[PDB]
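Take a look at this single chain in structure tokens; it is the form deposited in one PDB entry.
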């Protein structure tokens, strides 16, 4: 009566262990969810605690689809709109990207992973609006998944936010999610705008979602997220032959003494396929790779590719386009 698919569980375990060994990393996790039910199809960690559920991290760039979705859902932003994406200051803090683009449209913000552009979309809303949105995604909220030691994550009350915090939260710092919570939040994108519960028991009754965005918004965001895995995108390593994949890469500096350091990273990669009508969500995080690169695309992308490609094959889903 578990929902886990043992063939997916095996595949995820093998691919994760190979990536952690190759990159000489400290730890990692893979989660596979059913994109329309929230059932856990696989959940694996490197040896030790169930980090997928016990440990909260700053999501970094994999948070970006959500402020984007909210902006579009509000009707205040259109996908074709352009934004000033030059680095800027809020008090003494800087908001900047790893490459300077003077301007980007929404597709650009997503494809290139612009911290600046994301922060400009968030800035159109009040602290209370953005908090309510993050809360509605499950940030800071207990899933009651069935696992012991389940982290609620952290979402600071909006009454306490400084202007810099609203900005950094939009691109994934100053709030914290477990990987399972993060995979759950992506059900808003895959299940036509409603957040699903997560469970590791086979479902007998249709889960009731909570409406977070319109189905039309969800569909538009999934189309934008295909750019991440196509040429020009940060997540091209996660492309799966025969499918369109919606995804988002994240690489985050870690905190050492409450200071961000530039020699220690967490790499995350999350996506879904087939992009137009997804069957599965695959989420991958690898903590502190020390060899053979540290960016999401190079560290977690190949794991995502193998697990997603393998999962769709195991579940009997045909390629939507010819192989190559």
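Numbering follows the first chain given and starts at 1. Think of the rigid core as the biggest set of C-alphas that the two forms share within 1.5 Å after superposition.
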Given the B-factors recorded for C-alpha atoms, which segment has the greater mean, 114 to 122 or 207 to 215?
207 to 215
Can you tell me which stretch has the higher mean Cα B-factor, 182 to 190 or 88 to 96?
88 to 96
Whose CA atom has the top B-factor in the entry, of 48, 60, 67, 278?
48
Compare the CA B factors listed in the entry for 52, 291, 33, 273 and report the winner.
291
Rank-wise, by C-alpha B-factor, drop residue 13 into the lowest, middle or highest third of its chain.
highest
Taking the C-alpha B-factors as the PDB entry records them, is residue 199 in the lowest, middle or highest third of its chain?
middle
Report the third (lowest, middle or highest) to which the CA temperature factor of residue 251 belongs, ranking only the modelled residues of the same chain.
lowest
CA B-factor ranking of residue 309, expressed as a third of its chain
lowest
Looking at the temperature factor on the CA atom of residue 132, which third of the chain's modelled residues does it land in?
lowest
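This protein has a second form, the form deposited in another entry, left out of what is shown; the following refers to that one.
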Align on the rigid core first; then say whether the Cα of residue 279 has moved by at least 2 Å between the shown form and the other one.
no
Hey, does residue 213 budge by 2 Å or more at the Cα between the shown form and the other one once the core is superposed?
no
Note yes or no: does the Cα of residue 255 move by 2 Å or more between the shown form and the other one after the core is superposed?
yes
Where do residue 260 and residue 165 end up in that other deposited form, Cα atoms closer or farther than shown, with a change of 3 Å or more?
farther
Checking the C-alpha spacing of residue 260 and residue 116, a student should find that in that other deposited form it changes by 3 angstroms or more, with the atoms farther
